[PDB]
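Q: take a look and give me a structure for this.
(chains A, B, C, D and E, ligands or ions: 7)
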Amino acid sequence: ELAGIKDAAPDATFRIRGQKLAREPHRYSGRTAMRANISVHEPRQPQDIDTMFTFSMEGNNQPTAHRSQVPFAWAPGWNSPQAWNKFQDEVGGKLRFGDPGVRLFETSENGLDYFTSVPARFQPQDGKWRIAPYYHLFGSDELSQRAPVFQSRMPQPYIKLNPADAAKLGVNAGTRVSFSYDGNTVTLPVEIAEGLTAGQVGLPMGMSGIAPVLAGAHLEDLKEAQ
Amino acid sequence: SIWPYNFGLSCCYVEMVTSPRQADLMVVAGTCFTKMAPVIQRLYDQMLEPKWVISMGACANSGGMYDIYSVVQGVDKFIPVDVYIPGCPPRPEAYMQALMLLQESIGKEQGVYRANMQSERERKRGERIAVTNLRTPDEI
Amino acid sequence: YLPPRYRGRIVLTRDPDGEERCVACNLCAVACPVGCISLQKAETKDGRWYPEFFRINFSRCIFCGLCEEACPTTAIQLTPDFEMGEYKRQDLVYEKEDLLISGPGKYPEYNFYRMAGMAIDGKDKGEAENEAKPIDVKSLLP
Amino acid sequence: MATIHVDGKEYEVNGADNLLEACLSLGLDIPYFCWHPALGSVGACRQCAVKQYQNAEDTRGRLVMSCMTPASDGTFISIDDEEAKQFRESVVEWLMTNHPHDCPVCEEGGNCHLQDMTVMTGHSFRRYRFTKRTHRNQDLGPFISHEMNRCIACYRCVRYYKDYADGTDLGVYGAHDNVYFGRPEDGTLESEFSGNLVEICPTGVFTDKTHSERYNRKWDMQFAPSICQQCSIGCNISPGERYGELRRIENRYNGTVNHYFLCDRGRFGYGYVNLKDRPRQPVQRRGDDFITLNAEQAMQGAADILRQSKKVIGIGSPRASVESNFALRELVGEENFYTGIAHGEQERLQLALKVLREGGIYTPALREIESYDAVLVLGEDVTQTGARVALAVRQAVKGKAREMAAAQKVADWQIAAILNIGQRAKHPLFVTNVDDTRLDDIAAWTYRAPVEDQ
Amino acid sequence: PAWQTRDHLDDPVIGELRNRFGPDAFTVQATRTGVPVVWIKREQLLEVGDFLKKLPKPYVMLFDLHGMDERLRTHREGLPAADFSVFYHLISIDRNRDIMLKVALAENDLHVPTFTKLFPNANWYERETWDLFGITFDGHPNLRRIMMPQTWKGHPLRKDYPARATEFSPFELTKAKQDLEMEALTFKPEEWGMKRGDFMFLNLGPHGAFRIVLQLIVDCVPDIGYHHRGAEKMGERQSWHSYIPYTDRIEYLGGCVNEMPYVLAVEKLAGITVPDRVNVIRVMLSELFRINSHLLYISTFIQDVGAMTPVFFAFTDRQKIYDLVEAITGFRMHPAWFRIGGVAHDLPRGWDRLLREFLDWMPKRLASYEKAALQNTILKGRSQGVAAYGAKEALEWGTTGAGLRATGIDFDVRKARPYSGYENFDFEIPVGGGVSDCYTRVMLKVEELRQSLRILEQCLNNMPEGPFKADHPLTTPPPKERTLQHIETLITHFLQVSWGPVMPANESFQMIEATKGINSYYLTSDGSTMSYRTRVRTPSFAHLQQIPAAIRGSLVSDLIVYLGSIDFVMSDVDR
Ligand code: SF4
Ligand code: SF4
Ligand code: SF4
Ligand code: SF4
Ligand code: SF4
Ligand code: SF4
Ligand code: FES
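A: Residues are numbered from 1 along each chain as shown, chains lettered A, B, ... in the order given. Ligands and ions are numbered 1, 2, ... in the order given. See the structure here:
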């Protein structure tokens, strides 16, 4: 089932007329001064045995080179992102020799049967609160929430409630409320969500403390924090 | 009393002019090449026990501007060097200041002696940094 | 005796107001044929670009002066001084504290920030050469 | 399809295209600012001027704009005509009258489209001696810095942000030579696709703030073709490194998937690579003490204990590569290999795989999404997870205006005519979520309900 | 203009080639070389070549022979399909015209017939083409490596070969020990040349250091390549502007003479005509360096074959010339002062008084030199008939300069093909009486030194007014005072020193009269900001190739005198 990955990119013996594909622009600077504060003797250039690319500027990045993997776009007289026009067949089209990437599976000749597993209609329960998942572009992903520039772009941790359910609980916007998941206790400030239906509880998925496995789970206890 | 064997070759020995088994000093100048490097290694071997080597110029200190397939990147790769004199080409006064910087090593002895840790970068620092005004370059 | 245009030791100069003249634009590093300049841009809270570190490998340098003529601030200049010599090649690597001198060198009066549109302390918008005052879009005058 | 005559030579081009996108495909360099391949032609900057003749014998013609001129069969144009060249130089000269002296301290320097076109026209001598107009700046949030003095009024930013990306908080203000591009007041740009403005703006007005902390020029970068790791869409990227740290994230063109645009999580979420807390050497514990090992020591130390163990299991990850999971699977055996995701998340993923492989329904690429005529979104808050699909779905909803304009014989590149014909007519889009989504401004109906009700 | 692209179809050599081989047997390329360029097939190379050798005003000299890779050349409109190419530059003195023949090759079949039978100077050129590219010349007697050592795998001017030393593994001395052992066991396998042979094989190594294997003179074989710096390869990894320092180091005595053909060739690709003040300034610096080189040749010539006590005063005069050069340019040697479109700065305001002091100072010394060398008998007796050659030997081996002019062939480049405004000056071309030897060559140089001082007299009194840089968008860099104040000038300066100036796809070619012989630059642009191919023709390579033909029948002392008389430097030879 993973046989297509061989054709996704060429191997480390692929050459453009004997040249390896370059990683650095041809005007790359500081070769004899970058590492000169540790040792004045220039080290050897890193050697890549895994891929067709070289850890240097001594290689090829021609717009008309027969390849699909283009590390960066540059042309004579076009130093900006507008240099991608030289690498396409028609401007705004596909890359000249084809876009990189291959589809592992093609469309099957025959389809499936109809799924007859229709769920019953949702009903709220006293005590149990369904966890409605809320996702954020700048908080829900594991690696990128550890970026320091994302700390201010992500919102404050909250807990979203229907107005009728917050009226039954007795809270308003901003009140810190406590709940129990799996024997643990987390306290969060309440936010009010009119479009959220009653019996549900909005949590931000993938944050520091709220795992995405919690989607579709249940909160047994919910009360004002003291 | 220092006896100099000058192996200056091209475009770096023209300043030296303006400035076997008998020498104790080898003043390597010029570009050191991959093809001719055994010649300098045998001439270094021929000399007697108390050797001193002065590298002058960027082509002998490093490869200089010739970071190219046919040039070795410095004479210090294969022979020990004592003094380095930057420039392309250096000056006769620099050659004089090299012999003056080397007699201090000849009179200071493992010849570091914990006194050669002081460097001209730090020693002439308060001289060079206090400079404010320089002559305008539209005049002779 | 040396002429004024002599190509010896490379220094970094200062403004007549006393700040370092280098704005870490990296044009001197790229224009060098030997690749003997490394630097990184830093920025003050005032907003002034300046080099975090400036490193010249004088073992490699050929004193061609292409760095001086590349510089759009007159910060890097070549001085009449050939007196250099060291026991170690590692001591031919000069940092910014070995290169930054106390005055403006060959060009006593040029300040780049007075030309530049970018706003730093002492020069808000419209306080540069041949620059008018900013007009807001909400202004009553058509 | 069509044949045109350019500067005496003869070429074969597509008739539906305009003259700028025809001639740029043939390798004929015409300067331009306001045109974009994604955004279409509006005709504002007047930089793309060519001389057009009526036939082969007409010696004195007229200056037209090649972005606004169709490449019909029988077209006679001259890029290198002297009057066209002088006018194109004058357009650069008029833009240079109010431009600040900022290239050493501009982050667009060396990667600036205005710098390239100024050289390409061959305008190097200043005649203007009067004062320059200045603007104050806005705060646009933690990602994008603002410098309005560098603006050339090409209108690419507003055409991308409002028309293409359907953002609401960027507009043009003022009139005549005092036009101001920005927000009504300071604050964060609300769009999830705000960061494409750094590539879309041909000057240094909108620049990457995350890159200006550790800035380096483009020629000092080391680039590799890479894939975004922040979600499942697979946008092609070109990460750049200097001095051992990842510096910026650039869009890598792929005409099948992402083309010119990335999302903000992909563009700005790279900072975890540059953390000081990452392990750089193998580390072995000894009670409370920690021992640092090299690669050879770590392998010999680990396999001594692994030989003495009676059963070794392996836990993979969805954020690890295919070669990394397989190698883990090869080390413990396939009977001892676990995926690392929960059982309920595993059950939804293999059912999602089953309908793609065995459903018999084609699954479109990210750019093929923009050709569809109706979209039903069930449960997936797609702007927050898979954000480039939401950008692709907005373009699909605009297909209704393209169909009406085609019936009235308006060309595909004349975007302001197509938008005028449309007048809020949309292809139908029906989204279901537990709350409101960011696709609600263009959706025909929104259904807020629990997941069983969806 | 003198830079516009021409096919040279009105040259009379093409019409007689049409009437001899037909219209379908070649293909004409439109260049900016100034000469016709014709693509011929390799099966017709010898027929076309020997046809030009017996034209009624024949092409007598093979100027250059080298190769191009051409595999990564994207702009190839009009050319035949080539994977490699070999060019042949031929010169007719009687027509004052040149022709270039280009042979196209495929990557599997790098084979072309040798040109050595027609023109003897082609032997070293084909060995270099075999060394640096992988073209095999069929019929070559000793086709071995002339630049790199004999165990060097790889052809360094191929485009798949990495240029930089850092890209290879450093000097770990694994190969230094093996090369040392090989050099220690210096023995003759009878492969180092013809080597027919009782016979004592001796290696003698002496203004440059090189080895020669001599048979004791029955046979002598120069071994060169000890000073190879990869200058031609360096042109591919440097921009057009940042390559300029490397030009100054092809010849150490040349200085600004060496920069002149390169900047003139780049200005043809740029389409720049320079102002008159640029022409007079460039001619001034080139005649100053020419005087310095000629005084060095006359000085060193008098020291080896005579008493060196009076002529040591010439060091003070060379010190005055170096002080005047570093007053104008900045630095005594390797100025790197010529720019694309002009020079680096204007002349400083006190230049006239120093040049006037040098022009007043020089005639007394010059007339003492004429007395010291023209009237002497001992050096004249040791320099007359010492390895002499004539006009037939000069034109065979591509010998130019004082050598060629010492025979009856009056051929200067400054009069035949004027460059840099040399045609607006009043100077004479000295010439010998048909025999080129050691006395005649030195006497010619004394006459040339006086003519150079006449050119400097006209430069001081007719120095015109105006810019030191052309007004053109490819003038690199722009004037700095405009760069420091004006944004469009700053934008042009920003991209020119960083990415580089964009030269459009063409081929240019310039020849200048150098301090020693004729130096040329053949530059190819593929439309980028770096050169695709840079070819440097140095006359010393031909002059050093000519010595085994003339020294055969002489002593070792005659070899030392002949080597001291010829105008050769090993930096020129190996580049
Ligand atoms: S250091 Fe400079 S002057 Fe000396 S040999 Fe090398 S290039 Fe020539
Ligand atoms: S020295 Fe000049 S060119 Fe170099 S970084 Fe500083 S301002 Fe830029
Ligand atoms: S003088 Fe030349 S070699 Fe030295 S740092 Fe400046 S550009 Fe580099
Ligand atoms: S936007 Fe471009 S032209 Fe304007 S200052 Fe920045 S780099 Fe220079
Ligand atoms: S801000 Fe940038 S994209 Fe917008 S109009 Fe100005 S120059 Fe064009
Ligand atoms: S949609 Fe955004 S996060 Fe997902 S792959 Fe593309 S750029 Fe990365
Ligand atoms: S690009 Fe055509 S008018 Fe602006």
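Q: longest helix of chain B?
A: helix B:92-106 (DSSP state H).
Q: buried set for stretch C:90-99?
A: Of all the residues in stretch C:90-99, those buried under the rule 16 or more other CB atoms under 10 Å in any protein chain shown are C:90-94, C:96, C:98-99. In short, each C-beta sits where N, CA and C put it, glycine included.
Q: which stretches of the chain form helices?
A: I'll assume chain A. Counting by DSSP H, the helices of chain A are A:150-153, A:163-169.
Q: oops, chain D please
A: Counting by DSSP H, the helices of chain D are D:19-25, D:82-95, D:113-121, D:156-158, D:197-200, D:209-213, D:264-268, D:295-308, D:322-332, D:343-358, D:387-397, D:399-407, D:415-422.
Q: export these to JSON lines and tack on mean neighbour count and distance to residue D:220?
A: Formatted as JSON lines, the helices of chain D follow (neighbours: other CB atoms under 10 Å in any protein chain shown; distance: least, CB to CB, whole Å):
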{"stretch": "helix D:19-25", "mean neighbour count": "25", "distance to residue D:220": "28"}
{"stretch": "helix D:82-95", "mean neighbour count": "17", "distance to residue D:220": "27"}
{"stretch": "helix D:113-121", "mean neighbour count": "24", "distance to residue D:220": "17"}
{"stretch": "helix D:156-158", "mean neighbour count": "21", "distance to residue D:220": "27"}
{"stretch": "helix D:197-200", "mean neighbour count": "23", "distance to residue D:220": "18"}
{"stretch": "helix D:209-213", "mean neighbour count": "18", "distance to residue D:220": "13"}
{"stretch": "helix D:264-268", "mean neighbour count": "26", "distance to residue D:220": "20"}
{"stretch": "helix D:295-308", "mean neighbour count": "11", "distance to residue D:220": "30"}
{"stretch": "helix D:322-332", "mean neighbour count": "14", "distance to residue D:220": "31"}
{"stretch": "helix D:343-358", "mean neighbour count": "12", "distance to residue D:220": "42"}
{"stretch": "helix D:387-397", "mean neighbour count": "23", "distance to residue D:220": "29"}
{"stretch": "helix D:399-407", "mean neighbour count": "16", "distance to residue D:220": "43"}
{"stretch": "helix D:415-422", "mean neighbour count": "16", "distance to residue D:220": "37"}
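Q: any chance of TSV for those helices, columns distance to residue C:66?
A: Shown next, in TSV, are the helices of chain D (distance: least, CB to CB, whole Å):
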stretch	distance to residue C:66
helix D:19-25	35
helix D:82-95	28
helix D:113-121	20
helix D:156-158	36
helix D:197-200	31
helix D:209-213	28
helix D:264-268	36
helix D:295-308	43
helix D:322-332	46
helix D:343-358	58
helix D:387-397	45
helix D:399-407	54
helix D:415-422	47
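Q: can you say which of the ones you listed is nearest to residue E:326?
A: helix D:113-121 (34.1 Å; CB to CB).
Q: circling back to that earlier point, would you mark the buried spots in the next helix or strand along the chain from the longest helix of chain B?
A: Note on helix B:92-106: by DSSP states H and E, the next helix or strand toward the C-terminus is helix B:120-123. For helix B:120-123, burial by neighbour count (16+ other CB under 10 Å) applies to B:120-121.
Q: what's the first helix or strand after helix B:120-123?
A: Moving toward the C-terminus from helix B:120-123, the next helix or strand (DSSP H and E) is helix B:125-129.
Q: contacts for that following helix next, please.
A: Contacts of helix B:125-129 from elsewhere in the structure, counted by CB atoms under 8 Å, 6 or more residues apart in numbering or on different chains, are C:9, C:11, C:81, C:97-98, C:100-102.
Q: which residues does the residue of the stretch 201-350 of chain D found nearest ligand 2 contact?
A: Nearest to ligand 2, among the residues of the stretch 201-350 of chain D, is residue D:217, at 10.0 Å (CB to the nearest ligand atom). Contact analysis of residue D:217 by CB under 8 Å, 6+ apart lists C:26, C:30, D:109-111, E:498.
Q: nearest to ligand 6, of those residues?
A: Ligand 6 has its nearest neighbour among the contacts of residue D:217 in residue D:111, at 20.1 Å by CB to the nearest ligand atom.
Q: what is the burial count for the closest one?
A: Residue D:111: 23 surrounding residues under other CB atoms under 10 Å in any protein chain shown.
Q: run a quick neighbour tally on the residue nearest to it when sequence neighbours are not counted.
A: Leaving aside its chain neighbours, residue D:111 sits nearest to residue D:218 (4.5 Å; criterion: CB to CB, 6 or more residues apart in numbering or on different chains). Other residues within reach of residue D:218, judged by other CB under 10 Å, total 22.
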